[PDB]
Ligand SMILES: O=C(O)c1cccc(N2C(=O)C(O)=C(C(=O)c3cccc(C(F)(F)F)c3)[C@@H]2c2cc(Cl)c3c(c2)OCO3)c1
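This document opens with one chain alone, in structure tokens, the form deposited without the named molecule.
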């Protein structure tokens, strides 16, 4: 069966750059997919979007809207030490955390820094 690492690598291979907000979203999708035994449908939806001509970025966003485990789901909280634990390419996508953030509205994750600061990663 497709593993979380297999699927992350498949998705990464389609994305430009490294450590972008989309790379983080792949990680978030693959973790929630692993934990809900849903890696197969996620991979199928990804591939189908590509096959229709959508960009990989759009395909990842569509997963957040079309795979039910994501519909109205909150972003995972990711505990980190400092803002430097967040990849360079994500830094300008970091925002104050709004009320009721949702993955399917573009809130990929919330980083919680050791000093208590919290930042949402937004696409």
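Numbering follows the first chain given and starts at 1.
The form deposited with the named molecule bound is left out here; the points below concern that form.
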- Open or blocked, can you tell me? Superimpose the site C-alphas, put the named molecule where it sits in the bound PDB entry, and call it blocked only if 3 or more of its atoms are within 2.4 Å of a backbone or C-beta atom. open
- Task: Verify the contact flag for residue 30: yes if a non-hydrogen atom of it lies within 4.5 Å of a non-hydrogen atom of the named molecule in the bound PDB entry, no if not.
- Result: yes
- Message: in the bound PDB entry, is there a heavy atom of the named molecule that lies within 4.5 Å of any heavy atom of residue 34, even though the partner is absent here?
- Response: yes
- Message: Is residue 119 part of the interface with the named molecule in the bound PDB entry - any heavy atom within 4.5 Å?
- Response: no
- Message: Please tell me whether any heavy atom belonging to residue 76 falls inside 4.5 Å of a heavy atom of the named molecule, as the geometry stands in the bound PDB entry.
- Response: yes
- Query: Considering 59, 86, 97, 69, which brings a non-hydrogen atom within 4.5 Å of the named molecule in the bound PDB entry?
  - Reply: 86
